[PDB]
file protein-v8.cif (mmCIF, C-alpha atoms and all ligand atoms)
data_run
#
loop_
_atom_site.label_atom_id
_atom_site.label_comp_id
_atom_site.auth_asym_id
_atom_site.auth_seq_id
_atom_site.Cartn_x
_atom_site.Cartn_y
_atom_site.Cartn_z
CA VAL A 3 17.19 12.86 -3.15
CA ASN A 4 14.19 12.15 -0.82
CA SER A 5 13.46 11.87 2.98
CA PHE A 6 13.18 8.03 3.35
CA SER A 7 15.78 6.54 5.77
CA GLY A 8 17.28 3.03 6.16
CA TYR A 9 15.33 1.43 3.30
CA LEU A 10 17.07 -1.62 1.81
CA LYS A 11 17.68 -1.20 -1.93
CA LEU A 12 16.02 -4.12 -3.85
CA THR A 13 16.01 -2.81 -7.47
CA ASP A 14 16.52 0.43 -9.39
CA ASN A 15 13.11 1.68 -8.10
CA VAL A 16 11.95 -0.54 -5.18
CA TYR A 17 13.07 -0.13 -1.57
CA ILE A 18 11.95 -2.07 1.57
CA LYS A 19 12.05 -1.51 5.36
CA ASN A 20 10.63 -3.34 8.44
CA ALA A 21 8.50 -0.46 9.76
CA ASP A 22 5.16 0.75 11.15
CA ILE A 23 3.58 2.52 8.11
CA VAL A 24 1.61 4.88 10.43
CA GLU A 25 4.85 5.83 12.05
CA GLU A 26 6.69 6.07 8.73
CA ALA A 27 3.96 8.28 7.22
CA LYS A 28 3.87 10.52 10.32
CA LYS A 29 7.69 11.02 10.10
CA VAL A 30 8.13 11.44 6.27
CA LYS A 31 4.79 13.10 5.30
CA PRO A 32 5.16 11.58 1.84
CA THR A 33 3.30 13.00 -1.16
CA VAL A 34 1.48 9.60 -1.41
CA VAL A 35 0.77 6.87 1.16
CA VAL A 36 -0.96 3.75 -0.24
CA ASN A 37 -3.83 2.19 1.70
CA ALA A 38 -4.66 -1.55 1.42
CA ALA A 39 -8.29 -0.74 0.73
CA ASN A 40 -11.40 -2.82 -0.03
CA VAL A 41 -14.01 -1.87 -2.64
CA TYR A 42 -16.32 -0.31 0.03
CA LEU A 43 -13.45 1.74 1.61
CA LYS A 44 -14.43 0.20 4.96
CA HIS A 45 -11.22 0.65 6.96
CA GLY A 46 -11.81 -1.84 9.83
CA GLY A 47 -8.50 -3.78 9.99
CA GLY A 48 -4.97 -4.28 8.58
CA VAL A 49 -3.13 -1.32 7.00
CA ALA A 50 -6.56 0.34 6.28
CA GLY A 51 -7.70 0.11 9.94
CA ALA A 52 -4.24 1.20 11.20
CA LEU A 53 -4.15 4.27 8.87
CA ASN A 54 -7.75 5.25 9.57
CA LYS A 55 -7.23 5.08 13.37
CA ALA A 56 -4.18 7.39 13.00
CA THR A 57 -6.47 9.97 11.23
CA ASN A 58 -8.95 9.86 14.17
CA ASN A 59 -11.53 8.33 11.71
CA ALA A 60 -11.34 11.32 9.29
CA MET A 61 -10.23 8.88 6.54
CA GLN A 62 -13.45 6.83 7.06
CA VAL A 63 -15.67 9.95 7.06
CA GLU A 64 -14.13 11.10 3.76
CA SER A 65 -14.36 7.58 2.34
CA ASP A 66 -18.04 7.23 3.19
CA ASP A 67 -18.83 10.43 1.27
CA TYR A 68 -16.72 9.13 -1.70
CA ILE A 69 -18.69 5.85 -1.81
CA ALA A 70 -22.06 7.61 -1.41
CA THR A 71 -21.19 9.71 -4.52
CA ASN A 72 -19.29 7.21 -6.71
CA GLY A 73 -20.19 3.68 -5.57
CA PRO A 74 -17.66 0.95 -4.84
CA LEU A 75 -14.20 0.62 -6.39
CA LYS A 76 -13.25 -2.34 -8.60
CA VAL A 77 -10.94 -5.09 -7.33
CA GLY A 78 -7.60 -3.99 -8.90
CA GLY A 79 -8.71 -0.33 -8.89
CA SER A 80 -7.93 2.77 -6.83
CA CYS A 81 -8.92 6.30 -5.92
CA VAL A 82 -6.96 9.29 -4.66
CA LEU A 83 -8.26 10.92 -1.46
CA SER A 84 -6.75 13.10 1.24
CA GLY A 85 -3.71 11.94 3.19
CA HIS A 86 -5.03 13.76 6.27
CA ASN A 87 -2.25 14.03 8.91
CA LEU A 88 -0.22 11.21 7.28
CA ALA A 89 0.59 12.37 3.72
CA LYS A 90 -0.54 14.86 1.08
CA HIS A 91 -2.64 12.16 -0.61
CA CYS A 92 -3.78 8.61 0.13
CA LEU A 93 -3.96 6.26 -2.84
CA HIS A 94 -6.57 3.67 -1.83
CA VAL A 95 -5.70 0.52 -3.83
CA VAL A 96 -7.81 -2.67 -3.84
CA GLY A 97 -5.75 -5.80 -4.13
CA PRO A 98 -7.60 -9.13 -4.41
CA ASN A 99 -8.60 -10.64 -1.04
CA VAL A 100 -7.84 -14.43 -1.22
CA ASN A 101 -9.99 -14.89 1.99
CA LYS A 102 -12.98 -13.69 -0.22
CA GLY A 103 -11.97 -15.92 -3.23
CA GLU A 104 -10.80 -13.04 -5.56
CA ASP A 105 -8.58 -13.68 -8.64
CA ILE A 106 -4.87 -13.28 -7.62
CA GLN A 107 -4.14 -12.25 -11.32
CA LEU A 108 -5.80 -8.93 -10.31
CA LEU A 109 -2.75 -8.21 -8.14
CA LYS A 110 -0.78 -6.94 -11.18
CA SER A 111 -3.67 -4.58 -12.10
CA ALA A 112 -3.68 -3.31 -8.48
CA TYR A 113 0.07 -2.50 -8.57
CA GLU A 114 -0.31 -0.73 -11.96
CA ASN A 115 -2.09 2.10 -10.06
CA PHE A 116 1.24 2.95 -8.41
CA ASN A 117 2.71 3.96 -11.81
CA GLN A 118 0.50 7.11 -11.79
CA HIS A 119 2.64 8.50 -8.91
CA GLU A 120 6.36 9.28 -9.06
CA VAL A 121 7.08 8.31 -5.40
CA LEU A 122 4.95 6.31 -2.91
CA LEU A 123 5.11 4.88 0.62
CA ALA A 124 3.17 1.55 0.43
CA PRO A 125 2.43 -1.81 2.00
CA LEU A 126 2.63 -5.07 0.08
CA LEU A 127 -0.74 -5.40 -1.66
CA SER A 128 -2.84 -8.56 -0.94
CA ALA A 129 -0.36 -9.52 1.90
CA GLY A 130 -1.29 -9.99 5.64
CA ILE A 131 -5.06 -10.44 6.22
CA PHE A 132 -5.70 -10.31 2.39
CA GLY A 133 -4.42 -13.91 2.28
CA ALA A 134 -1.95 -13.69 -0.52
CA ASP A 135 1.65 -14.92 -0.30
CA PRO A 136 3.75 -11.79 0.50
CA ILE A 137 6.75 -13.23 -1.44
CA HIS A 138 4.50 -13.32 -4.52
CA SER A 139 3.22 -9.78 -3.80
CA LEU A 140 6.81 -8.45 -3.67
CA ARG A 141 7.67 -10.20 -6.97
CA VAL A 142 4.57 -8.68 -8.71
CA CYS A 143 5.47 -5.25 -7.23
CA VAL A 144 9.04 -5.36 -8.59
CA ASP A 145 7.86 -6.64 -11.98
CA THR A 146 4.98 -4.08 -12.32
CA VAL A 147 5.84 -0.81 -10.57
CA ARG A 148 8.25 1.46 -12.48
CA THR A 149 7.95 4.50 -10.19
CA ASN A 150 9.83 4.80 -6.90
CA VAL A 151 8.17 2.72 -4.17
CA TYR A 152 9.18 2.54 -0.50
CA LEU A 153 7.62 -0.61 0.99
CA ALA A 154 6.93 -0.71 4.74
CA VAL A 155 6.47 -4.25 6.12
CA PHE A 156 4.85 -4.37 9.60
CA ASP A 157 6.08 -7.88 10.61
CA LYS A 158 9.97 -8.22 11.38
CA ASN A 159 9.98 -11.95 10.75
CA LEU A 160 8.28 -11.49 7.35
CA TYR A 161 10.64 -8.62 6.44
CA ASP A 162 13.65 -10.89 7.01
CA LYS A 163 12.08 -13.69 4.97
CA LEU A 164 11.21 -11.26 2.08
CA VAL A 165 14.81 -9.92 1.92
CA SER A 166 16.48 -13.33 2.30
CA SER A 167 14.28 -14.94 -0.43
CA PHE A 168 14.37 -12.00 -2.92
CA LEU A 169 15.62 -12.95 -6.40
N1 LIG B 1 1.08 -0.58 10.84
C1 LIG B 1 0.06 -1.26 11.57
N2 LIG B 1 -0.32 -0.93 12.79
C2 LIG B 1 -1.24 -1.70 13.32
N3 LIG B 1 -1.77 -2.74 12.73
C3 LIG B 1 -1.41 -3.07 11.49
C4 LIG B 1 -1.97 -4.20 10.79
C5 LIG B 1 -1.53 -4.60 9.55
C6 LIG B 1 -0.52 -3.85 8.95
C7 LIG B 1 0.00 -2.77 9.56
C8 LIG B 1 -0.46 -2.35 10.86
#
call {"tool": "encode", "arguments": {"input": "protein-v8.cif", "output": "structure tokens"}}
result
Amino acid sequence: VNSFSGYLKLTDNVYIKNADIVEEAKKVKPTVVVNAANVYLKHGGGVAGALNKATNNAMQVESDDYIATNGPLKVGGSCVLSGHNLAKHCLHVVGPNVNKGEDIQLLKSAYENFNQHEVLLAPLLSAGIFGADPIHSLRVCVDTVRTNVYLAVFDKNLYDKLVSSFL
């Protein structure tokens, strides 16, 4: 048994809810929250900007030190950093950004990072301002992630379309 409430059961391991991820993280304090990161860990907008603002910019300060030491992530890659006031850990995962021309086949590689964690609170990778089709992102998630994932979708209209269209 875990602390997540009102998530709609999709599969054996994937759950979905129309919710503000900042607000969900603040309430649950999950072991892992996933950030929709870019390779530079520059959290200006989307899930990344929303999460970083909720940490009072401590996520960005930590991220800048990580990049200064290690250099940029790979598209499809990840790193584990602090969850600050939101979670124990933040898994920063880089899905491909269609609005930068990145290979959408890297979306499966991105979701494979989730399998290193038994339970996660996450957004749909490559959805929203990343330019991918969120229906596609949900299909890759279900077909890739084997660990228990609680998906928070910010937009109500998109949530309803994702549930209604789910195969
Ligand atoms: N949860 C969010 N709060 C504010 N802005 C956002 C932008 C994209 C996704 C989620 C959020």
call {"tool": "closest_residue", "arguments": {"input": "protein-v8.cif", "among": "A:52, A:18, A:96, A:41", "to": "ligand LIG 1 (chain B)", "atoms": "all atoms listed in the file"}}
result
A:52
call {"tool": "closest_residue", "arguments": {"input": "protein-v8.cif", "among": "A:58, A:72, A:65, A:118", "to": "residue 88 of chain A", "atoms": "all atoms listed in the file"}}
result
A:58
call {"tool": "closest_residue", "arguments": {"input": "protein-v8.cif", "among": "A:153, A:77, A:83, A:43", "to": "ligand LIG 1 (chain B)", "atoms": "all atoms listed in the file"}}
result
A:153
call {"tool": "residues_around", "arguments": {"input": "protein-v8.cif", "residues": "segment 132-139 of chain A", "least_positions_apart": "4", "cutoff": "10 Å", "atoms": "all atoms listed in the file", "output": "ChimeraX atom specification"}}
result
/A:38,40,48,97-104,106,109-110,113,125-128,143-145,155,160-161,163-165,167-168
call {"tool": "closest_atom_pairs", "arguments": {"input": "protein-v8.cif", "of": "chain A", "to": "ligand LIG 1 (chain B)", "cutoff": "12 Å", "atoms": "all atoms listed in the file", "output": "CSV"}}
result
residue,atom,partner,partner_atom,distance
A:20,CA,B:LIG1,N1,10.2
A:21,CA,B:LIG1,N1,7.5
A:22,CA,B:LIG1,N1,4.3
A:23,CA,B:LIG1,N1,4.8
A:24,CA,B:LIG1,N1,5.5
A:25,CA,B:LIG1,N1,7.5
A:26,CA,B:LIG1,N1,9.0
A:27,CA,B:LIG1,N1,10.0
A:28,CA,B:LIG1,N1,11.5
A:36,CA,B:LIG1,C7,11.8
A:37,CA,B:LIG1,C6,10.0
A:38,CA,B:LIG1,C6,8.9
A:39,CA,B:LIG1,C6,11.7
A:45,CA,B:LIG1,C4,11.1
A:46,CA,B:LIG1,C4,10.2
A:47,CA,B:LIG1,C4,6.6
A:48,CA,B:LIG1,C5,3.6
A:49,CA,B:LIG1,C6,4.1
A:50,CA,B:LIG1,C5,7.8
A:51,CA,B:LIG1,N3,7.1
A:52,CA,B:LIG1,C2,4.7
A:53,CA,B:LIG1,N1,7.4
A:54,CA,B:LIG1,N2,10.2
A:55,CA,B:LIG1,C2,9.0
A:56,CA,B:LIG1,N2,9.2
A:124,CA,B:LIG1,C7,10.6
A:125,CA,B:LIG1,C6,7.8
A:126,CA,B:LIG1,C6,9.5
A:127,CA,B:LIG1,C6,10.7
A:128,CA,B:LIG1,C6,11.2
A:129,CA,B:LIG1,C6,9.0
A:130,CA,B:LIG1,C5,6.7
A:131,CA,B:LIG1,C5,7.6
A:132,CA,B:LIG1,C5,10.1
A:153,CA,B:LIG1,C7,11.7
A:154,CA,B:LIG1,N1,8.5
A:155,CA,B:LIG1,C7,7.5
A:156,CA,B:LIG1,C7,5.1
A:157,CA,B:LIG1,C6,7.9
A:158,CA,B:LIG1,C7,11.5
A:160,CA,B:LIG1,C6,11.8
call {"tool": "closest_residue", "arguments": {"input": "protein-v8.cif", "among": "A:33, A:166, A:4, A:111", "to": "residue 92 of chain A", "atoms": "only C-alpha atoms"}}
result
A:33
call {"tool": "atom_distance", "arguments": {"input": "protein-v8.cif", "atom1": "atom CA of residue 91 of chain A", "atom2": "atom CA of residue 162 of chain A"}}
result
29.2 Å
call {"tool": "atom_distance", "arguments": {"input": "protein-v8.cif", "atom1": "atom CA of residue 81 of chain A", "atom2": "atom CA of residue 19 of chain A"}}
result
25.1 Å
call {"tool": "residues_around", "arguments": {"input": "protein-v8.cif", "residues": "residue 5 of chain A", "least_positions_apart": "4", "cutoff": "12 Å", "atoms": "all atoms listed in the file", "output": "PyMOL selection string"}}
result
chain A and resi 9+26-27+29-33+121-123+152
call {"tool": "atom_distance", "arguments": {"input": "protein-v8.cif", "atom1": "atom CA of residue 94 of chain A", "atom2": "atom CA of residue 57 of chain A"}}
result
14.5 Å
call {"tool": "closest_residue", "arguments": {"input": "protein-v8.cif", "among": "A:114, A:151, A:73, A:62", "to": "residue 10 of chain A", "atoms": "all atoms listed in the file"}}
result
A:151
call {"tool": "closest_residue", "arguments": {"input": "protein-v8.cif", "among": "A:112, A:35, A:3, A:93", "to": "residue 76 of chain A", "atoms": "all atoms listed in the file"}}
result
A:112
call {"tool": "decode", "arguments": {"input": "protein-v8.cif", "residues": "segment 22-144 of chain A", "atoms": "C-alpha atoms", "output": "mmCIF file, in the first residue's frame"}}
result
data_model
loop_
_atom_site.group_PDB
_atom_site.id
_atom_site.type_symbol
_atom_site.label_atom_id
_atom_site.label_comp_id
_atom_site.auth_asym_id
_atom_site.auth_seq_id
_atom_site.Cartn_x
_atom_site.Cartn_y
_atom_site.Cartn_z
ATOM 1 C CA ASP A 22 -0.670 19.803 -10.153
ATOM 2 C CA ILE A 23 2.609 17.822 -9.718
ATOM 3 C CA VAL A 24 3.992 20.521 -7.337
ATOM 4 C CA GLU A 25 0.917 20.106 -5.249
ATOM 5 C CA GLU A 26 0.979 16.314 -5.512
ATOM 6 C CA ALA A 27 4.667 16.169 -4.510
ATOM 7 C CA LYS A 28 4.103 18.575 -1.583
ATOM 8 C CA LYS A 29 1.221 16.353 -0.280
ATOM 9 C CA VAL A 30 2.728 12.829 -0.843
ATOM 10 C CA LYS A 31 6.489 13.520 -0.352
ATOM 11 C CA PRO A 32 7.221 10.584 -2.639
ATOM 12 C CA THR A 33 10.599 8.824 -2.581
ATOM 13 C CA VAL A 34 11.050 9.960 -6.248
ATOM 14 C CA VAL A 35 9.549 12.844 -8.244
ATOM 15 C CA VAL A 36 10.539 12.924 -11.942
ATOM 16 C CA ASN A 37 11.494 16.241 -13.538
ATOM 17 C CA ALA A 38 11.033 16.884 -17.290
ATOM 18 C CA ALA A 39 14.617 18.076 -17.584
ATOM 19 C CA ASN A 40 16.813 19.288 -20.455
ATOM 20 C CA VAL A 41 20.469 18.297 -20.901
ATOM 21 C CA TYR A 42 21.696 21.558 -19.255
ATOM 22 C CA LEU A 43 19.320 21.170 -16.231
ATOM 23 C CA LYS A 44 18.090 24.707 -16.969
ATOM 24 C CA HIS A 45 14.693 24.703 -15.247
ATOM 25 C CA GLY A 46 13.033 27.739 -16.913
ATOM 26 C CA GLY A 47 9.567 26.408 -17.900
ATOM 27 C CA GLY A 48 7.125 23.454 -17.927
ATOM 28 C CA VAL A 49 7.334 20.805 -15.179
ATOM 29 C CA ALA A 50 11.051 21.756 -14.631
ATOM 30 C CA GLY A 51 10.262 25.485 -14.104
ATOM 31 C CA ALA A 52 7.212 24.632 -11.924
ATOM 32 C CA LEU A 53 9.238 22.237 -9.688
ATOM 33 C CA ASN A 54 12.221 24.560 -9.422
ATOM 34 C CA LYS A 55 10.020 27.540 -8.405
ATOM 35 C CA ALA A 56 8.467 25.373 -5.644
ATOM 36 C CA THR A 57 12.032 24.733 -4.267
ATOM 37 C CA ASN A 58 12.712 28.523 -4.140
ATOM 38 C CA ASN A 59 15.426 27.951 -6.851
ATOM 39 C CA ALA A 60 17.379 25.428 -4.688
ATOM 40 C CA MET A 61 16.876 22.824 -7.466
ATOM 41 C CA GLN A 62 18.589 25.177 -9.985
ATOM 42 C CA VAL A 63 21.492 25.940 -7.596
ATOM 43 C CA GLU A 64 22.106 22.206 -7.072
ATOM 44 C CA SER A 65 21.738 21.549 -10.803
ATOM 45 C CA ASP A 66 24.266 24.211 -11.758
ATOM 46 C CA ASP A 67 26.874 22.598 -9.485
ATOM 47 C CA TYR A 68 26.031 19.148 -11.023
ATOM 48 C CA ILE A 69 26.590 20.469 -14.581
ATOM 49 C CA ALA A 70 29.783 22.330 -13.612
ATOM 50 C CA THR A 71 31.191 18.988 -12.314
ATOM 51 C CA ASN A 72 29.753 16.457 -14.808
ATOM 52 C CA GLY A 73 28.775 18.312 -17.995
ATOM 53 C CA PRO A 74 25.428 17.969 -19.739
ATOM 54 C CA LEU A 75 23.166 14.910 -19.669
ATOM 55 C CA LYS A 76 22.363 12.908 -22.814
ATOM 56 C CA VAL A 77 18.949 13.129 -24.486
ATOM 57 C CA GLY A 78 17.288 9.944 -23.107
ATOM 58 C CA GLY A 79 19.441 10.082 -19.956
ATOM 59 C CA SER A 80 18.932 11.047 -16.311
ATOM 60 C CA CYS A 81 20.537 11.896 -13.003
ATOM 61 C CA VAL A 82 19.376 11.595 -9.407
ATOM 62 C CA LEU A 83 19.561 14.777 -7.307
ATOM 63 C CA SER A 84 17.837 16.019 -4.182
ATOM 64 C CA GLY A 85 14.052 16.253 -4.011
ATOM 65 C CA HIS A 86 14.378 19.324 -1.768
ATOM 66 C CA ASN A 87 10.985 20.103 -0.134
ATOM 67 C CA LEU A 88 9.087 18.015 -2.736
ATOM 68 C CA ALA A 89 10.417 14.438 -2.451
ATOM 69 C CA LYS A 90 13.389 12.473 -1.121
ATOM 70 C CA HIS A 91 14.964 12.443 -4.598
ATOM 71 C CA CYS A 92 14.357 14.104 -7.977
ATOM 72 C CA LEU A 93 15.047 11.963 -11.026
ATOM 73 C CA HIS A 94 15.860 14.479 -13.770
ATOM 74 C CA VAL A 95 14.972 12.714 -17.056
ATOM 75 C CA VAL A 96 15.622 14.189 -20.526
ATOM 76 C CA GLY A 97 12.986 13.257 -23.042
ATOM 77 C CA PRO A 98 13.507 14.384 -26.656
ATOM 78 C CA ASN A 99 12.286 17.941 -27.368
ATOM 79 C CA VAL A 100 10.448 17.864 -30.769
ATOM 80 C CA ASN A 101 10.616 21.751 -30.817
ATOM 81 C CA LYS A 102 14.492 21.267 -31.010
ATOM 82 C CA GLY A 103 14.254 18.464 -33.689
ATOM 83 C CA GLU A 104 15.324 15.532 -31.373
ATOM 84 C CA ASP A 105 14.666 11.851 -32.298
ATOM 85 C CA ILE A 106 11.287 10.760 -30.777
ATOM 86 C CA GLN A 107 12.703 7.118 -30.669
ATOM 87 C CA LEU A 108 14.743 8.427 -27.684
ATOM 88 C CA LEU A 109 11.498 8.611 -25.691
ATOM 89 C CA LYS A 110 11.679 4.860 -24.888
ATOM 90 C CA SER A 111 15.287 5.279 -23.621
ATOM 91 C CA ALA A 112 14.096 8.198 -21.444
ATOM 92 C CA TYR A 113 11.321 6.094 -19.835
ATOM 93 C CA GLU A 114 13.768 3.200 -19.209
ATOM 94 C CA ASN A 115 15.338 5.381 -16.466
ATOM 95 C CA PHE A 116 12.142 4.961 -14.439
ATOM 96 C CA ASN A 117 12.813 1.191 -14.089
ATOM 97 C CA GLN A 118 15.695 1.963 -11.669
ATOM 98 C CA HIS A 119 13.111 3.137 -9.069
ATOM 99 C CA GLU A 120 10.375 1.001 -7.512
ATOM 100 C CA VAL A 121 7.797 3.846 -7.236
ATOM 101 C CA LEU A 122 7.745 7.307 -8.907
ATOM 102 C CA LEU A 123 5.536 10.395 -9.226
ATOM 103 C CA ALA A 124 6.081 11.633 -12.837
ATOM 104 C CA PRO A 125 4.834 13.763 -15.711
ATOM 105 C CA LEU A 126 4.423 12.429 -19.229
ATOM 106 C CA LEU A 127 7.874 12.724 -20.814
ATOM 107 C CA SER A 128 8.208 14.802 -24.050
ATOM 108 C CA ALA A 129 4.553 16.058 -23.579
ATOM 109 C CA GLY A 130 3.466 19.765 -23.194
ATOM 110 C CA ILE A 131 6.162 22.257 -24.343
ATOM 111 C CA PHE A 132 8.468 19.319 -25.432
ATOM 112 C CA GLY A 133 6.227 19.004 -28.520
ATOM 113 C CA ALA A 134 5.529 15.326 -28.508
ATOM 114 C CA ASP A 135 2.041 13.812 -28.753
ATOM 115 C CA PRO A 136 1.017 13.030 -25.119
ATOM 116 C CA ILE A 137 -1.066 10.009 -26.292
ATOM 117 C CA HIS A 138 2.149 8.572 -27.754
ATOM 118 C CA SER A 139 4.081 9.406 -24.560
ATOM 119 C CA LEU A 140 1.517 7.511 -22.445
ATOM 120 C CA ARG A 141 1.705 4.478 -24.781
ATOM 121 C CA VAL A 142 5.562 4.410 -24.572
ATOM 122 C CA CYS A 143 5.320 4.780 -20.762
ATOM 123 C CA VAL A 144 2.955 1.804 -20.400
#
